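The primary structure of each chain is shown beneath.
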Amino acid sequence: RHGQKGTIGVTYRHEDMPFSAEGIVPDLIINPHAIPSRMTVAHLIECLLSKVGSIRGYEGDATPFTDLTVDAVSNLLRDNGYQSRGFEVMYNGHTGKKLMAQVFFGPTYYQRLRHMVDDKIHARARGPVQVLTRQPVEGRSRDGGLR
Amino acid sequence: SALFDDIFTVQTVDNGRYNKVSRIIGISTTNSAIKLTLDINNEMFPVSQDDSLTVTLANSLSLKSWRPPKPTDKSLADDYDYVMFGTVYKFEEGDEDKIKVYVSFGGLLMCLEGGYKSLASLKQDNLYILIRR
Amino acid sequence: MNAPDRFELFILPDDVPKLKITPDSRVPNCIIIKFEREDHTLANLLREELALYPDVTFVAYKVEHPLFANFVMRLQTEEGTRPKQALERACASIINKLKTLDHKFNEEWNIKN
Amino acid sequence: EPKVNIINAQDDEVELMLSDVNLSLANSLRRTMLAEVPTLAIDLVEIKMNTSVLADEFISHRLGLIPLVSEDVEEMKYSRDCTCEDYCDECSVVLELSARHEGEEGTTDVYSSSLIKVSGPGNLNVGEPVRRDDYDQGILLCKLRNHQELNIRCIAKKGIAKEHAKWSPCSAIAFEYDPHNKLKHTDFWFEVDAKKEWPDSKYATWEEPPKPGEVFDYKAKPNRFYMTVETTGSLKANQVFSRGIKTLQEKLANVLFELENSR
Amino acid sequence: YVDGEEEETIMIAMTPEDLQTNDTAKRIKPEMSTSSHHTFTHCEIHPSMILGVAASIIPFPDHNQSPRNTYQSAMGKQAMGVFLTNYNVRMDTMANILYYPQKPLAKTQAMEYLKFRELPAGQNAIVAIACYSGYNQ
Amino acid sequence: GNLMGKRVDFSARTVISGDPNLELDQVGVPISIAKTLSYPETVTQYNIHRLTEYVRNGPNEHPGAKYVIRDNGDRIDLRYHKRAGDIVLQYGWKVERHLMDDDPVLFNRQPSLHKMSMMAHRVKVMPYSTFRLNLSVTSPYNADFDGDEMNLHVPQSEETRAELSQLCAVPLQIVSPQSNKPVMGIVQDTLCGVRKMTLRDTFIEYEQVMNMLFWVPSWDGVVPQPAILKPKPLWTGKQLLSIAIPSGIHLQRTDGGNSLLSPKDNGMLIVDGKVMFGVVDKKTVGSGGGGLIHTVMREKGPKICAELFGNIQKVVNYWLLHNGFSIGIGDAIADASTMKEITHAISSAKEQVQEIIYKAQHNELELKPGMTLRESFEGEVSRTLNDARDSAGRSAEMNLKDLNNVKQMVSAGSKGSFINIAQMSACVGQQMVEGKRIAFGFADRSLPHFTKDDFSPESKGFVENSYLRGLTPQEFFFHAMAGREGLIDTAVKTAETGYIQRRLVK
Amino acid sequence: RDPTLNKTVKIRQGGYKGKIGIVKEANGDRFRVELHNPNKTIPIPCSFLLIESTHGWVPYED
Amino acid sequence: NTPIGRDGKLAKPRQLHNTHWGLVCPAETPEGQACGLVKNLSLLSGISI
Amino acid sequence: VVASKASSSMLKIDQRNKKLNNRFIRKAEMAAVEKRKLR
Amino acid sequence: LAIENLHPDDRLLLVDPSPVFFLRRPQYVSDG
Amino acid sequence: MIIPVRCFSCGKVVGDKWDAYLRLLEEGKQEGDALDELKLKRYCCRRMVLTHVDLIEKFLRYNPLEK
RNA sequence: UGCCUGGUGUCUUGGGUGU
Ligand SMILES: [Mg+2]
Ligand SMILES: [Zn+2]
Ligand SMILES: [Zn+2]
């Protein structure tokens, strides 16, 4: 919900994903490089607030221009036995060894967009042509050619 | 066998930016005007100020693919606590008797200042440094 | 549409050998082993078992691509030992370790049942 | 040389500590339990009538995820390895579901308890959907109102979680070693002090904390591993552990046989 | 009610707290020291009501770079959800329905009147930010 | 629309994705696209057996064929032929076989601004439905994997295939004639991981070194001696990186007048392909001129330079996979000691602006020549506020530790800059619309929440807060105005630039 | 004229045992059968098919 | 919608003005040709009858 | 209408939760505003 | 009775071995 | 639409706990306490029951298309 | 012996995707 669009690059099975000490594997891994240039801090704040809410069984209130601060959410998260900033010690799926860097980890609301690759893939060797110009027709639905 | 040998007293130990790497500066006890600036691994060979180190430089450990050393074989490194291997990338034939040798042990740098007579034999491609304490 | 069948991760075609061994002539007494329909589960186990043998001087493996289920392993032993014998010794040793682990777990489970 | 010490034991989860094994062996065991232990799950759905508000393939996907008792699945054969034409009793289990709502008011819930085993291997304890108790209704499958009926026939086959996640016997395998970070395998992010900003591990009391004057030990390796195995009920925890060990042994034995037959 | 032309002649307070006269996390209010005293005539009901329907879905829109808010406003109209409850009896040219919609854990107060809780268009995924294997660059 | 540019046959289009495990000049092609497209191969006595096998396999099995063309020009369709096995191929016939591995294909992304937007790759058939690119070529194409699509064109002749493989090939396009510097370099997490991996205090154990060495395709089978032999054999990251660099490469760079002892590990010195000191980052393996890539291309040629990308990427990606890297909300937070400094700096700047306002209102303000009193006043206020934001950002940046992830990404040059740190941590700053502060849209004020004739910094679009701290409604609206101006400016200037370039080309 | 074209068939061997399909191509000894279960079409030898008839399933003697 | 079209375009109509506060959404606008010309009412706005 | 049991239970839960929220959130806001005032 | 009816000193005896304004209790019907 | 059979992240079976969860919420228990009483420890499982919206109760209100 | 099929509007407009 913060303009962070992307496409699936590869799918790993349950046993190939990194896991935390309590066995939680992520559903989805995004690159750290998406954050600094675009400055979507709201993404990180939403992840932290959602983590606290799912731990405590509440729904976070992310209304803008309120008195919510990151430190209050961090205190709540620390009181529940997690690192206050949301980091987690995470293990490597392939070898089982600990990762040297801790991983920001939590639930976030994602939405699936209408643009799927199977509705865009198109190839043409030969096919219908226009009557006037005898050049390939236009359109993926009509088995057309590329300009 | 050994191309240089001396005993150094550590003047300064600088951790600075890093956690596992320390800069140590030492001067030879038997001969001043010989300086040693060196990078070491703290976790394997920790040092403190005013320590005494026996530093030896050799061009070979004898008495191309690397292999884990068999327990049966013996080499020059059996007498020391910290052995590194590096390449000499600068041999500054400086002033009348000011010679500087720069050696890089895979990014961990060493500079050895001294007279020509002491460091004449250190004009090699690769050097082992053997440190005892 | 272009998604491969999931059983191709572990079901071996008839014409594809499970285990192809080719020597590596760049260094003495080295072989390259190509495992088909295998992944990190067997590879890491074998690699870390072989790394402890005093007569094995180089062992490594890599998975070329996550979308293909195979890995290739490089093994290189001392002059006395043929690498394939070292691989067999590693397999047998891990089997014995697993056997004693199973026996001990069964004993403990019966005690704490 | 390897040792096992059990902390807690239950029908559905066991918490144990492995020691004197390599990290690779423990991780391979975890991976094998997660994705290579065979179980039994519904793999074909023949929909004879479905007038509910859910799509046919919606209900098929829901059915495939229902755990079935897979105790004697070793005796069972793989579908592709059975020479029988079509499916026999030795490579498939047939379950049937029939649900209907009577009366012109109210809503009927369709539970997994309504799945009735029709045919299967003789005297093998496989195929029955897992129930927590004798009075547990089970997984909610669908809902029906008046004049809506669901009548399906499902076939269960043997497979592994590599092919599809519905054949996975485990839910989540907690895995952990070196609570006090004596090996320095991780470097702790911090703002002021790394010691008081990081929560203690749940096994921190099982190992002595390092002494203030202790030096780093470069000769140490991870030696004790704490892991918890949770199952979905299709297999007991001890069965999952033992069958993971057996599967790993079979894989290694197959490799050994290939090597010996190569010459 | 006031329109765009009557607003020229009124003095509005942002919050009811503005009607009366050292933390590193909380935000800083305007000092407004140019005027010795103020005589407000109106007060905003709630400042977060300056947003539209699509921009009322973003959580913490004030912690974001504004072009990202615009991009999300654009992309929220392409998220598959449940457009209506009677999708079975409708014959539309296209229709996309998500199997298992979930309501967001971090919601906004304006989502109550957009029925986003009852017809949500997304799911809560466990997201990890990491350079794992180089396939997410 | 029909003579200068026309629709063409033998082409494909689909979404692109990234693959770290592809060579620089390789593209991953789905199986369905490979089956649909074709290349007419002339039957000779070097390939008649293989072509007969392809004809037998038919148009549905890969590798296969779609048509057989006789000498007279008649086409035999293999879908509708009941006696495909009863076809004997004569020399000189053509078989329209399927697309296969190592076939050169032209690859293109729109808009094609320069000649590096069309380059010829080598086909590799892969499952799933997306084109796959090595990530180093995403720079010349100006492409990323958030939904972009790219075009593929198949040559249909021996002459055209030779032209593509000898002129437009990706390795030949590494150095551009526009600025005589490389257009492809190490990017994104490979850049971040080569900075992290080549730090002075990165040591690697034997078992990981063996795996890292086996990953290098060009490795010669000799393991280098470890930097530390006793008590424990340890290799440094610089050694494993030097493994990937071809021998005979010399590179020297001085950063900030550093000495040969490099106390800060800056600068660079590569002797015979071995790194002596210096952290490898954007200044070395980036796309700038005089770096490692430019040196290798000038010295060894396009083939070795193309292999260099693969070697470096594979080693660094394995190391970073087994090490890890992340970013969190805790990385945008500065301690109270720095927050009080930032607050003091901002308050001092606001006091200075207030004094300037008083001086201008009492006719005590000096006038810049060539500018009116109002223009000079506005320029001075804008300069003061920009200096305020820069000072606060500098304080925040100096606060950050070495383990801060944002600082690591900025230092590596992979993503972000100093202004991003300043705005996320310290102060968003002054919002400018059309090069000036926020105008007085209402009657002598910017918003109905301010009194008339108010020139204070917060009344004309100075966002005092940071993104972490959150923006007040007025700052939110002003920042939205500035962002809207940016979007409009982009969407308008693009058409003017396109027209200018078309006129220049014509 | 390929009497088994456009007829419901069931697979008895291989990796698709017990899946219902419809025969689409009947060139010879390699039948193209679209599967009802996923949305795909696969080749299959004639020996692996069970052609539906008025009385149960019949092997490749239809 | 603002029917100014594409011919004779200018940046001023497309801009977000001060007087838009509270009446139209500052964030929601299309991309490309219609940026700024297409507006969305704020969540409490109305139109006089 | 003859609502189902689950819907009736959900309605009761919603009423209870609405009342509890209206009480507790207001109390917390009143507690916070006085502290912000006295600072 | 409830926790409120407990004596304040006895409430002080209830020590964990306050609500926050931004944690709502979930609903299902919303409003409008 | 209807409570998922398995938790997406780990795979715990949560499809048999919807009715018990509603019964617990009916008795006045808080959502966190209700989720704890069902032995849902990991927050990946807790989000499945906590954020589920039950839409089948709205689809069932339409008159069935057959009889 | 009963024997198998390739052929696809145009013009406007509108909403979108990637730069
Ligand atoms: Mg893009
Ligand atoms: Zn059978
Ligand atoms: Zn779960």
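Method of determination for the deposited model, per the PDB record: cryo-EM, at 3.6 Å resolution.

## Focus: the overall build of chain H
Assigned secondary structure in chain H consists of 1 helix and 0 strands. Along the first, second and third principal axes, the C-alpha atoms of chain H reach 35 × 25 × 20 Å. When burial is assessed residue by residue, chain H has 33% of its 49 residues classed as buried. In chain H, of all internal contacts separated by at least 6 residues, the share reaching a separation of at least 24 is 19%. Accessible surface computed for chain H: about 2,900 Å², of which carbon and sulfur atoms make up 58%.

## Remarks on the sheet that holds strand β10 (residues 149–159) of chain D
Residues and elements named next belong to chain D. The strand order across the open sheet formed by 4 strands is β3-β10-β5-β7, and the pairing between neighbours is antiparallel. Two strands close off the open sheet at either side, each with one partner strand: β3 (39–50) and β7 (116–119). Within the sheet, the average angular offset between the axes of one strand and its neighbour, ignoring direction, is 30°. Bridging between strand β5 (residues 93–100) and β10 involves 8 bridges; their strand directions are antiparallel.

## Focus: the interface of chain A and chain C
If you look at the interface, chain A gives 8 residues, while chain C gives 9 residues. Taking both sides of the interface into account, the surface hidden between chain A and chain C amounts to around 680 Å²; carbon and sulfur atoms contribute 57%. It is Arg13(A), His94(A) and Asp118(A) in chain A that bury the most area against chain C; as a group they hold 52% of the surface buried on that side. Scanning the region where chain A abuts chain C turns up 0 salt bridges.

## Here we look at the arrangement of the chains
With 28 pairs of chains in contact overall, the contact-richest pair is chains A and E. In this assembly chain E lies apart from chain G, the nearest approach of their C-alpha atoms being 18 Å. Between chain C and chain I there is no contact; the minimum C-alpha to C-alpha separation amounts to 40 Å.

## Remarks on the environment of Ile66(D)
Residues and elements named next belong to chain D. Relative to the elements of secondary structure, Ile 66 occurs in the loop between α2 (56–64) and β4 (68–70). Among the residues examined, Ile 66 registers a relative accessible area of 2% and is labelled buried. Separated by 75 residues in sequence, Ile 66 and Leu 141 have C-alpha atoms that sit 9.1 Å apart. In contact with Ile 66, other than residues within four places in its own chain, are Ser 112, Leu 115, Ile 139 and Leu 141.

## Overview of the environment of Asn399(F)
Residue and element names in this part refer to chain F. Tracing the chain through its elements places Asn 399 in helix α11 (residues 373–399). In sequence terms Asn 399 and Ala 334 are 65 residues apart; their C-alpha atoms lie 7.0 Å from each other. Once you skip the residues sitting within four places of it in the chain, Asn 399 turns out to touch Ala 334, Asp 335 and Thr 338. Here the side chain of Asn 399 touches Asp 335 through a polar contact of 2.3 Å, side chain to side chain.

## Quick word on the coordination of the zinc ion (ligand 2)
All names here are of chain D. The zinc ion (ligand 2) binds to the protein through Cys 82 (SG), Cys 84 (SG), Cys 88 (SG) and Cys 91 (SG), with metal-donor distances spanning 2.3 Å. One can describe the site at the zinc ion (ligand 2) as tetrahedral: its 4 donor atoms subtend angles covering 103 to 117° at the metal. We note that the donor set of the zinc ion (ligand 2) lies within a single chain, spaced as C-x1-C-x3-C-x2-C. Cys 88 shares its class with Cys 84; the two are buried.

## Focus on the interface of chain A and chain E
Counting from both sides, the interface comprises 62 residues of chain A and, opposite them, 54 residues of chain E. Around 5,300 Å² of area is buried between chain A and chain E when both sides are counted, 61% of it from carbon and sulfur atoms. When the area that chain A buries against chain E is broken down by residue, the three leading residues are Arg1(A), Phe65(A) and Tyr109(A), summing to 15%. Seen at the junction of chain A and chain E, the total is 2 salt bridges. Across the pair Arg117(E) and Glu59(A) runs a salt bridge, and its minimum N-O distance is 3.1 Å. Scanning the region where chain A abuts chain E turns up 30 residue pairs in polar contact. Mapped by element, the contributors of at least two residues to the side of chain A that touches chain E are β2 (28–30), α2 (41–56), β3 (59–61) and β6 (103–110) of chain A. In terms of residue count, the dominant contributor to the side of chain A that touches chain E is α2(A) (9 residues). The residue inventory of the side of chain A that touches chain E, partitioned by class, reads 30 nonpolar, 21 polar and 11 charged.

## Description of the protein's contact with RNA strand L
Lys5(A), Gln78(E), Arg79(F), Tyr80(F) and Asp148(F) are the nearest of the 14 residues found near RNA strand L. Put simply, 64% of the atoms of RNA strand L that lie within 4 Å of the protein are in sugar or phosphate. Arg79(F) places a polar side-chain atom, nitrogen or oxygen, 2.9 Å from a base oxygen of RNA strand L. The contact in question runs from a phosphate oxygen of RNA strand L to an N or O atom on the side chain of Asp146(F), over 3.0 Å. Across the surface near RNA strand L, the residue classes tally to 4 nonpolar, 3 polar and 7 charged.

Cut-off values and rules
- Residues numbered from 1 in each chain as written, not as in the entry; some residues may be left out.
- Chains lettered and ligands numbered in written order.
- Part of a larger assembly, values for the part shown.
- Heavy atoms only, no water.
- Helix = DSSP H or I, 4+ residues; strand = E, 2+ residues; numbered from the N terminus.
- Buried < 20%, exposed > 50% of the residue type's maximum accessible area, 1.4 Å probe, protein only.
- Contact = heavy atoms within 4.5 Å.
- Areas by Shrake-Rupley, 256 points an atom, 1.4 Å probe, with all protein chains shown as cover.
- Pairing = 2+ DSSP bridges.
- Axes fitted to C-alpha atoms, helices over the stretch in contact; angles between N-to-C directions.
- Buried area = accessible area lost by both parts, 1.4 Å probe.
- Salt bridge = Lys/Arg side-chain N within 4 Å of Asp/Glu carboxyl O.
- Polar contact = N/O pair within 3.5 Å; in protein donor to acceptor, adjacent residues only side chain to side chain.
- Donors = N, O, S within 2.8 Å, 3.2 Å for Na, K, Ca; no water.
- Tetrahedral: all angles 85-135°; square planar, octahedral: opposite > 155°, others 65-115°.
- Nonpolar A, V, L, I, M, F, W, Y, C, P; charged D, E, K, R; others polar.
- Near = heavy atom within 4 Å.

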